[PDB]
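Peer 1: I'd like to ask you about the structure that follows.
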Amino acid sequence: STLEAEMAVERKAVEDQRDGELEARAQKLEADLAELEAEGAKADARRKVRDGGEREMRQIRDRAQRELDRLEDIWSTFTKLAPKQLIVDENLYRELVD
């Protein structure tokens, strides 16, 4: 009960700047194509802004995601147990130990 309650907790931060991220940077990109579109730069470097900026972006999303989620299992993982159950992760090992 409790425990997982604090799971969804950590999930909090997970999704919080899990947003402030791709929101943040995707926004940034939005700034690059933004001002970049005030004089007359051809559509190409604008595509570039958009797309490398994407890299920063989905990059970001992932960054949250990925991690965050993996995390979710290492929980799950946790959520479940049984003597004899292997230990190979290490990091987690503690992480849920500790």
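Following the order of the structure tokens, first chain is A, next is B, and so on, with residues numbered from 1 inside each chain and ligands from 1 in the order they appear.
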Which polymer residues have any atom within 7 Å of an atom of stretch 48-62 of chain A, counting only C-alpha atoms, with same-chain residues fewer than 6 positions away left out, as a VMD selection string?
Peer 2: chain A and resid 18 21 to 22 25 to 26 29 32 to 33
Peer 1: Store the residues picked out above in a file with N, CA, C and O atoms, as a short mmCIF file (atom, residue, chain, number, x, y, z; two decimals), in the first residue's frame.
Peer 2:
```cif
data_model
loop_
_atom_site.label_atom_id
_atom_site.label_comp_id
_atom_site.auth_asym_id
_atom_site.auth_seq_id
_atom_site.Cartn_x
_atom_site.Cartn_y
_atom_site.Cartn_z
N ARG A 18 9.65 15.58 -16.16
CA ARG A 18 9.35 14.79 -17.33
C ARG A 18 8.59 15.63 -18.35
O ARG A 18 8.63 15.37 -19.56
N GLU A 21 10.80 19.33 -19.05
CA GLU A 21 11.78 19.00 -20.07
C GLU A 21 11.23 19.28 -21.46
O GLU A 21 11.25 20.42 -21.93
N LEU A 22 10.71 18.25 -22.12
CA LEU A 22 10.40 18.35 -23.54
C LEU A 22 9.52 19.56 -23.81
O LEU A 22 9.62 20.18 -24.87
N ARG A 25 12.53 22.28 -23.73
CA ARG A 25 13.41 22.35 -24.89
C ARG A 25 12.61 22.47 -26.18
O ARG A 25 12.95 23.28 -27.06
N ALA A 26 11.58 21.64 -26.35
CA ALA A 26 10.72 21.77 -27.51
C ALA A 26 10.30 23.22 -27.68
O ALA A 26 10.34 23.76 -28.79
N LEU A 29 13.61 25.10 -29.20
CA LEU A 29 13.39 24.93 -30.63
C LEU A 29 12.35 25.91 -31.15
O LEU A 29 12.58 26.63 -32.12
N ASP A 32 14.02 28.96 -31.59
CA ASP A 32 14.93 29.02 -32.72
C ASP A 32 14.19 29.23 -34.03
O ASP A 32 14.46 30.20 -34.75
N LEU A 33 13.27 28.33 -34.38
CA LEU A 33 12.42 28.60 -35.53
C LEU A 33 11.66 29.90 -35.34
O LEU A 33 11.38 30.61 -36.31
#
```
Peer 1: Quick one: everything within 10 Å of residue A:3, counting only C-alpha atoms, minus sequence neighbours fewer than 5 positions away in the same chain. Send it as a ChimeraX atom specification.
Peer 2: /A:8-9,75,79
Peer 1: Mind writing the picked residues with N, CA and C atoms as a PDB file, in the first residue's frame?
Peer 2:
```
ATOM      1  N   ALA A   8       4.129   5.761  -7.105  1.00  0.00           N
ATOM      2  CA  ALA A   8       3.424   6.843  -7.783  1.00  0.00           C
ATOM      3  C   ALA A   8       3.988   8.195  -7.380  1.00  0.00           C
ATOM      4  N   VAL A   9       4.361   8.341  -6.107  1.00  0.00           N
ATOM      5  CA  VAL A   9       5.141   9.506  -5.715  1.00  0.00           C
ATOM      6  C   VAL A   9       6.285   9.720  -6.688  1.00  0.00           C
ATOM      7  N   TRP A  75      11.002  -0.815  -9.557  1.00  0.00           N
ATOM      8  CA  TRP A  75       9.843  -1.024  -8.707  1.00  0.00           C
ATOM      9  C   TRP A  75       9.243  -2.398  -8.949  1.00  0.00           C
ATOM     10  N   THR A  79       8.106  -4.642  -6.292  1.00  0.00           N
ATOM     11  CA  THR A  79       6.753  -5.112  -6.013  1.00  0.00           C
ATOM     12  C   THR A  79       6.703  -6.612  -5.795  1.00  0.00           C
TER      13      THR A  79
END
```
Peer 1: Out of A:91, A:65, A:2, A:85, which residue has the shortest atom-to-atom distance to residue A:14 when counting only C-alpha atoms?
Peer 2: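 Ranking A:91, A:65, A:2, A:85 by distance to residue A:14, first place goes to A:65.
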Peer 1: Which residue out of A:74, A:38, A:68, A:31 has the minimum interatomic distance to residue A:17 when only C-alpha atoms are used?
Peer 2: A:68
Peer 1: Could you state the separation of atom CA of residue A:78 and atom CA of residue A:96 in Å, given to one decimal place?
Peer 2: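 That distance, rounded to one decimal, is 6.9 Å.
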Peer 1: Where in chain A does DSSP assign alpha helix (DSSP H), given as an NGL selection string?
Peer 2: :A and (2-36 or 43-79 or 91-96)
Peer 1: Keeping only C-alpha atoms, write the selected residues to a file as an mmCIF file, in the first residue's frame.
Peer 2:
```cif
data_model
loop_
_atom_site.group_PDB
_atom_site.id
_atom_site.type_symbol
_atom_site.label_atom_id
_atom_site.label_comp_id
_atom_site.auth_asym_id
_atom_site.auth_seq_id
_atom_site.Cartn_x
_atom_site.Cartn_y
_atom_site.Cartn_z
ATOM 1 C CA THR A 2 1.981 2.902 1.415
ATOM 2 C CA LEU A 3 5.097 1.863 -0.507
ATOM 3 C CA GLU A 4 3.603 1.999 -3.987
ATOM 4 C CA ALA A 5 1.877 5.162 -2.817
ATOM 5 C CA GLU A 6 5.374 6.588 -2.710
ATOM 6 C CA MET A 7 6.040 4.779 -5.959
ATOM 7 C CA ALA A 8 3.424 6.843 -7.783
ATOM 8 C CA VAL A 9 5.141 9.506 -5.715
ATOM 9 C CA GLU A 10 8.576 9.240 -7.317
ATOM 10 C CA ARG A 11 6.507 8.824 -10.473
ATOM 11 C CA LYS A 12 5.572 12.389 -9.629
ATOM 12 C CA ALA A 13 8.982 13.916 -10.253
ATOM 13 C CA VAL A 14 9.169 11.380 -13.060
ATOM 14 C CA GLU A 15 6.433 13.130 -14.977
ATOM 15 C CA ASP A 16 6.879 16.628 -13.587
ATOM 16 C CA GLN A 17 10.101 17.783 -15.181
ATOM 17 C CA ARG A 18 9.351 14.787 -17.334
ATOM 18 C CA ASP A 19 7.307 17.628 -18.774
ATOM 19 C CA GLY A 20 9.278 20.740 -17.860
ATOM 20 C CA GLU A 21 11.779 19.001 -20.071
ATOM 21 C CA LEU A 22 10.397 18.350 -23.537
ATOM 22 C CA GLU A 23 8.096 21.261 -22.879
ATOM 23 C CA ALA A 24 11.154 23.305 -21.988
ATOM 24 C CA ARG A 25 13.407 22.354 -24.892
ATOM 25 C CA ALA A 26 10.720 21.771 -27.512
ATOM 26 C CA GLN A 27 9.760 25.293 -26.528
ATOM 27 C CA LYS A 28 13.398 26.285 -27.089
ATOM 28 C CA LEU A 29 13.391 24.932 -30.632
ATOM 29 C CA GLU A 30 10.166 26.920 -30.845
ATOM 30 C CA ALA A 31 12.371 29.911 -30.070
ATOM 31 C CA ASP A 32 14.933 29.018 -32.723
ATOM 32 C CA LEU A 33 12.421 28.603 -35.531
ATOM 33 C CA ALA A 34 10.620 31.468 -33.805
ATOM 34 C CA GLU A 35 13.027 34.411 -34.071
ATOM 35 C CA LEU A 36 14.799 32.660 -36.958
ATOM 36 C CA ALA A 43 12.868 26.959 -44.907
ATOM 37 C CA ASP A 44 15.939 24.738 -44.596
ATOM 38 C CA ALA A 45 17.737 25.971 -41.471
ATOM 39 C CA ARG A 46 14.218 26.289 -40.094
ATOM 40 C CA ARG A 47 13.628 22.604 -40.756
ATOM 41 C CA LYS A 48 16.986 22.179 -39.023
ATOM 42 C CA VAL A 49 15.966 24.097 -35.920
ATOM 43 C CA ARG A 50 12.800 21.994 -35.944
ATOM 44 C CA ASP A 51 14.485 18.643 -36.310
ATOM 45 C CA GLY A 52 17.795 18.703 -34.498
ATOM 46 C CA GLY A 53 15.713 20.569 -31.973
ATOM 47 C CA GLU A 54 13.567 17.455 -32.129
ATOM 48 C CA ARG A 55 16.653 15.430 -31.219
ATOM 49 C CA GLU A 56 16.947 17.614 -28.148
ATOM 50 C CA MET A 57 13.217 16.987 -27.813
ATOM 51 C CA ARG A 58 12.259 13.336 -28.081
ATOM 52 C CA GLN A 59 15.752 12.992 -26.789
ATOM 53 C CA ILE A 60 14.279 14.764 -23.766
ATOM 54 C CA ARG A 61 10.991 12.854 -23.676
ATOM 55 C CA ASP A 62 12.960 9.641 -23.681
ATOM 56 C CA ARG A 63 15.246 11.051 -21.024
ATOM 57 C CA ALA A 64 12.290 11.378 -18.739
ATOM 58 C CA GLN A 65 10.467 8.320 -20.036
ATOM 59 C CA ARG A 66 13.282 5.759 -20.439
ATOM 60 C CA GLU A 67 14.875 6.101 -17.075
ATOM 61 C CA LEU A 68 11.586 7.078 -15.407
ATOM 62 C CA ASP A 69 10.003 3.936 -16.708
ATOM 63 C CA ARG A 70 12.774 1.433 -16.324
ATOM 64 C CA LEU A 71 12.578 2.895 -12.851
ATOM 65 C CA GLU A 72 8.946 1.926 -12.801
ATOM 66 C CA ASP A 73 9.898 -1.705 -13.312
ATOM 67 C CA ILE A 74 12.788 -1.766 -10.888
ATOM 68 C CA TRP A 75 9.843 -1.024 -8.707
ATOM 69 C CA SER A 76 7.651 -3.756 -10.220
ATOM 70 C CA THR A 77 10.664 -5.822 -9.889
ATOM 71 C CA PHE A 78 10.533 -4.703 -6.278
ATOM 72 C CA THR A 79 6.753 -5.112 -6.013
ATOM 73 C CA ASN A 91 22.354 -0.466 -8.852
ATOM 74 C CA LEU A 92 18.781 -1.410 -8.116
ATOM 75 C CA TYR A 93 20.011 -4.196 -5.840
ATOM 76 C CA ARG A 94 20.813 -1.505 -3.315
ATOM 77 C CA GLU A 95 18.448 1.121 -4.710
ATOM 78 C CA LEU A 96 15.584 -0.966 -3.431
#
```
